[PDB]
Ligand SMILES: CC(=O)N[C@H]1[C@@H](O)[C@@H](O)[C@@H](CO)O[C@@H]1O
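Only one chain is shown below, in structure tokens, and it's the form deposited without the named molecule.
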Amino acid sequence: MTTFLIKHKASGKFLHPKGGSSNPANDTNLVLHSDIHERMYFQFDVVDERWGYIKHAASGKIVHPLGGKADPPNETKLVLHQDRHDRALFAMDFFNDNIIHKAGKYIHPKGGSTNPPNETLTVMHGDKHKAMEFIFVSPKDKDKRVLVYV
């Protein structure tokens, strides 16, 4: 209904909390993995027009740049954390197919590969290219895009 999968467009892998738990601890890395299950479902909670929080559905933790700085440098790891604040604001660009942080960098697989192996970490990086594209799909139809602004 409000849940979606975050699919890495080039590989078909998905974003997961590292370890696949329903209850990841604060500062758990966000990784890529091929598996599908309810513990990799996400929601998006709108805060201000396009900006909002990317939320792990099972735990309520949201996506942060590790350390929570307003303008994180390239290669800053993405983690899950319960805190809510303006440095965890992202927009879900379903027209250009990417996820952009409030300060202008994007979510990437670490290393920028179109075919990242399972457990690859995700990081912030300012470049735009095929390997940083993501689409947002229905849990019950992994090829059907869904509106995350809901």
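In this text, residue numbers run from 1 along the sequence as written.
The mean C-alpha temperature factor is higher for 64-72 when 64-72 and 36-44 are set side by side. In this entry, 16-24 shows the higher mean Cα temperature factor of the pair 129-137 and 16-24. Ranked by Cα temperature factor within the chain, residue 5 sits in the lowest third according to the deposited record.
Among all modelled residues in this chain, the alpha-carbon of residue 96 has a temperature factor (C-alpha) in the middle third.
When the CA B factors of the chain's modelled residues are split into thirds, the value for residue 87 lands in the highest one. For residue 116, the recorded CA B-factor ranks within the highest third of the chain. Only modelled residues enter the ranking.
If you look for the form deposited with the named molecule bound, you will not find it shown, but the lines that follow are about it.
Within 2.4 Å of any backbone or C-beta atom of the shown chain, none of the atoms of the named molecule lands once it is superimposed from its position in the deposited bound form; the pocket counts as open.
Within 4.5 Å of some heavy atom of the named molecule in the deposited bound form lies at least one heavy atom of residue 129. By the criterion of a heavy atom within 4.5 Å, residue 54 is excluded from the residues contacting the named molecule in the deposited bound form. In the deposited bound form, residue 60 stays away from the named molecule, with no heavy atom inside 4.5 Å.
The named molecule in the deposited bound form is approached by residue 123, whose closest heavy atom lies within 4.5 angstroms of it.
Residues of 102-120 lying near the named molecule in the deposited bound form, listed in sequence order, are 108, 109, 110, 111, 112, the criterion being any heavy atom within 4.5 Å.
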